[PDB]
Amino acid sequence: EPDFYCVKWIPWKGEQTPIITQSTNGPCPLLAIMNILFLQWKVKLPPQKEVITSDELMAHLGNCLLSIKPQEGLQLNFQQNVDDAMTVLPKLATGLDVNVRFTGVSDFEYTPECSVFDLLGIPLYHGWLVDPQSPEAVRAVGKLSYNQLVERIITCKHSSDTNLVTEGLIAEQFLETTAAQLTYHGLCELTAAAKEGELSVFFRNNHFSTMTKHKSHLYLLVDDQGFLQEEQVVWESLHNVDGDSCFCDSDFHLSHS
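Here the sequence shown stands for residues 110 to 181, 185 to 369, where the numbers follow the deposited numbering.
See the structure below:
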């Protein structure tokens, strides 16, 4: 029934902290969330441990969510947020559709999976922002979600009115041209947004990655099983829109294979 993953043991806050690794590059965000908790020393693993099941990671997470004492804001809601988190807890192992909005980097269509993040105080961000410098598209896309833009693009193909068939393409364009779901305007907004040395989760091309700002740059944790052995390789810059990027030790210093 369950999947296995290997554990990179790295020195974090000068203490031998575990992290979870995956070559598969799967869409499920269990590892993205979990890695954060491990870093935050909320979940501790026996030094010796080499491998971990989903069923373990899950149970560790369950305990964590149920262990959250409230702290005032949503009060009836908090209890529903827990029950919501708890009910969609299994869907985390599997994989998760994500309807992004293009309206800003913390903007998604709510699914009850969002409740897990909200509870653990983990921000979720995406890179796919429409550029106000293309007001043609800004207007065409408007305050609309991704899976919604597709519905409407299709609606617009078949529409008689050629005001729509024009916008139907004005949008078909914006997606044709932003295929890697991280526009420049995205990166800028996303960097500015994310708090200095705060652990967040970064969504893009149906993968979840663990994020932080550090000395006003964005780095992502190095989940790639590929560098299992390499204690020195932990953060990979998200400095460029696409291309090349420098690896670093847990202190955000350069490191080489």
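The beta carbon of each residue, even a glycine, is placed where N, CA and C say it ideally should be.
Cβ neighbours of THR278 in the same chain (closer than 7 Å, five flanking residues each side left out): none
Starting from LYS269, trace the alpha helix (DSSP H) in both directions and tell me its first and last residue. 258 to 270
So the candidates are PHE286, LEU232 and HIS270; which of them puts its Cα closest to the Cα of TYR258? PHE286
Exposed unless 16 or more other CB atoms sit within 10 angstroms - verdict on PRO111: Counting Cβ neighbours within 10 Å, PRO111 comes out exposed, since fewer than 16 surround it.
Relative to the alpha-carbon of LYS151, which residue among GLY233, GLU342 and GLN293 has its alpha-carbon at the smallest distance? Measuring C-alpha to C-alpha distances from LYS151 to each of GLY233, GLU342 and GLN293 identifies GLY233 as the nearest.
Tell me the DSSP secondary structure of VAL313 in three-state form. strand
Please state if the CB of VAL194 and the CB of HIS238 are separated by a distance shorter than 9 Å. no
Sheet register partners of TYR331 (DSSP bridge): Answer by DSSP bridge pairing, in chain order: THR324 and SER349.
Cα-Cα separation, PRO155 to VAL334: 21 Å
Going by beta-carbon coordinates alone, are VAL345 and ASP363 separated by less than 9 Å? no
Evaluate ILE266 with the Cβ neighbour count: other Cβ atoms within 10 Å of its Cβ, from every protein chain shown; 16 or more gives buried, anything less gives exposed. exposed
Close-in-space but distant-in-sequence residues of the same chain around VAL200 (CB under 6 Å, 5 per side omitted): For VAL200, where only same-chain residues beyond five positions count, the Cβ hits under 6 Å are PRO224 and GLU225.
For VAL160, name the three-state secondary structure that DSSP assigns. strand
Taking 8 Å as the cut-off, does the region 126 to 146 touch the region 201 to 220 (at least 3 CB pairs, one atom from each stretch)? yes
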